[PDB]
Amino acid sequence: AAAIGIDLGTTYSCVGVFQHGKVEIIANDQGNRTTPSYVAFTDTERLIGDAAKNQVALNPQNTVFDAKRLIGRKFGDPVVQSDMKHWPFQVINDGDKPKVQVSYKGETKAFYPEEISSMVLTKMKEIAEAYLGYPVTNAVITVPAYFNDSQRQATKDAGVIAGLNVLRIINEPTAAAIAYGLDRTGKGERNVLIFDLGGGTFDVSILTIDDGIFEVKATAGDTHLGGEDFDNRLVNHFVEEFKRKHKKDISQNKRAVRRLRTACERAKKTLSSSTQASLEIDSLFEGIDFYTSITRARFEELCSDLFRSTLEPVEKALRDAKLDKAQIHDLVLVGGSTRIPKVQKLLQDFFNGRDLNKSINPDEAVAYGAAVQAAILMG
């Protein structure tokens, strides 16, 4: 009766299980090894994951995402007040706690962040159970190192709502280190840097590990820098391209923009493996198809400042930890955006040619470690 490890991500979640002496990252029903942290409400259905993200352009007011930004926070939290301004869904105040408010089956309903995240966790649980062939009841769930007691509590509550006994809540960078077996070291402090550039957030963590004991020495980053911002640079580029070619501005058609955004994310992923990608959108605007392409070099240029901006938080973290570059024993890549070759070059160059740990898909490393830790806690 295996326990599972779940990365409850800002933009994508991932689930793994340790059995038969190895971790298996589990693909969902569509074959995807990570699942959007999306929940949608319609006149007839509640959709979660791929199904929810796949109709986000159609249903912006009732498709919820970014619940991780709300979870465990008070309504009057400056972070909440700030983030609310840029979401298409309504956030309301219930006793100084935020709720997301939507239309569902024709009625106005509101949900706590931990309710939305419970739905994502249920999906991840079900993905695992489909693979294992039996019900899962124990899990380790991960959170950012900077999460406070309230954020951790709300995340655990999300797990319990999903029918999971939460064995432990552990930090995302700790989980990534565990994935690479860095917890197995003996007596003697090792310094580990986790470079996590995900879908919506950028987190640099410096850990010391000593005889299997973890300590957080420094954290740095940007909570609004991630893969979606690279998607956005491509969107703006292609909006201009469409304008020049067709003399039409699509920028205020929310559907067109959202659909373009989706196609840009796809092309971006392809550019991590190939030096060019083709974008082909049928009926992008007024029935006009948009078939074009983008090179890796052009993509890099469009994002050059954003990519470069990831290094100063590394510098800052090193300063705070009172360590020189040469004193870092291991460099660990986390988050889907670290699969971008230019990002890898920047970090490697900054560390004067050091190896990067990147053999585990970086968007799966957190779940991988959580799965290992879950197995350890089960015995």
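Numbering starts at 1 and follows the sequence shown.
The PDB entry reports B-factors from which the mean C-alpha value can be compared for 233-241 and 252-260; the larger average falls on 252-260. In this entry, 128-136 has the higher mean Cα B-factor, the comparison being between 218-226 and 128-136.
Taking only the listed residues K109, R73, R308, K99, the entry reports the highest CA temperature factor at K109.
Comparing the listed residues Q81, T122, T201, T174, the entry records the largest Cα B-factor for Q81.
Sorting the modelled residues of the chain by their CA temperature factor places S205 in the lowest third.
When the modelled residues of the chain are ordered by C-alpha B-factor, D29 sits in the middle third. Among the modelled residues of its chain, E189 has a C-alpha B-factor that falls in the highest third, as given in the PDB entry. In this PDB entry, the Cα temperature factor of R354 sits in the middle third of its chain's modelled residues. Ranked against the other modelled residues of its chain, the C-alpha B-factor of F299 as given in the entry falls in the middle third.
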